[PDB]
């Protein structure tokens, strides 16, 4: 009776993060609402008619937090730990990831060009920092690496011209180069391997990453969770402190942990005394994102020799519509029926880059044949396609300024908008980040913590590993 009623909207990792922290604390006065039947949001998994396990782009787990690792161990027994083997298909070669560090694997002419332009851009200095991502990577890597990889690959994944993107999200995503190391790589044909936070990752033996959140759902108190299409939140009244759902039910909260898209939130949230309130519709309109198409191809037999131990593959060239392919069957044999393997292809989509959905599956197959993934004789089963409206929250120029206009106003009225699209911060938009934003929001609501470091300070969380444990393990 004395504790605040905490309501969580969304059973993705962020929402489930909040629910797990509350459960760990033995907190009783909360409830979680989800409009889908399945927990896990963008990290959910599917099982098809033919025994193929699929998900939304071949998710792998790589945690920045001891807490989240403990939760993984608690929720799921039976993990595979893999060494990342990732490649770029470009100029007819398999270039080890990251592209920019491994230009010695390009054909001679392209390698020379890449090296020469890197030397050239090193020779050019500038009074002001780059104003955008394209200016940044062009100055940093030179015109060779920009033209061959950065420019075409980035438009291909983001579906937004990179000159419209900010430059501060890149810390753990875009690897730097060192001219001396590259020259030596070229003399020795020495691959530069191991860079990045996912150089090692873990993957559940059965059920994909989505089994994590299905297991978590099972471990939480059933009467505190609602999974039902009628419980899609469609209006928030911040004065009354109520949520109205599509089925017409109205419920109260003292605190709201919202994980719905930030633009959706702004559009459906009413109240008085919000500073800047009448700007909210224009703010919502300015939030840039790409949609994501996932295509699953089930294949009879076993992968060809070059893909035997591959994880994921990058495709900058226009001979394929997908920016990435994942050999999902290499993450776990239980992902496919006996005697098969599988590819998962991702194709980005936006107003800048429209997609013809009626030909999408066939176009991907043509892409696979032209990109060394499939052969004409391959026998395909379980062709599958799924489209996600909000796939990547683009780190567009001005993003922070926009978030700063409204987020503090929402928080002052006990509304915490968190998660991949809840907070719209790509650089802390993976599963561990999201889950932890949920955990940290709960700590902040309950006064157990002064700050929410993940959502507020991406530099700090991605530079250190958080040490603190999860009690239930």
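Residue numbers count along the first chain shown, from 1.
A.B. asks: Between 289 to 297 and 111 to 119, which has the higher average C-alpha B-factor in the PDB entry?
C.D. replies: Per the deposited B-factors, the answer is 111 to 119.
A.B. asks: For the stretches 131 to 139 and 380 to 388, which has the higher mean C-alpha B-factor as given in the deposited record?
C.D. replies: Between 380 to 388 and 131 to 139, it is 380 to 388 that shows the higher mean C-alpha B-factor.
A.B. asks: What's the residue among 233, 146, 75, 311 with the greatest CA temperature factor in the PDB record?
C.D. replies: Top of the list by C-alpha B-factor: 75.
A.B. asks: Can you pull the Cα B-factors for 204, 96, 261, 316 from the entry and say which is highest?
C.D. replies: Going by the entry's C-alpha B-factors, 204 comes out highest.
A.B. asks: Among all modelled residues of this chain, ranked by Cα B factor, put residue 252 in the bottom, middle or top third, i.e. lowest, middle or highest.
C.D. replies: As the PDB entry reports it, the C-alpha B-factor of residue 252 lands in the middle third of its chain.
A.B. asks: Can you tell me which third, lowest, middle or highest, the CA B-factor of residue 438 falls into for its chain?
C.D. replies: For residue 438, the deposited C-alpha B-factor lands in the middle third.
A.B. asks: If you rank the chain by CA B-factor, which third does residue 69 end up in: lowest, middle or highest?
C.D. replies: According to the entry, residue 69 has a C-alpha B-factor in the chain's highest third.
A.B. asks: By the recorded C-alpha temperature factor, relative to the other modelled residues in its chain, which third is residue 39 in?
C.D. replies: Its C-alpha B-factor, which the entry lists for residue 39, ranks in the middle third among residues of this chain.
A.B. asks: Comparing residue 337 with the other modelled residues of its chain, is its CA B-factor in the lowest, middle or highest third?
C.D. replies: Highest third.
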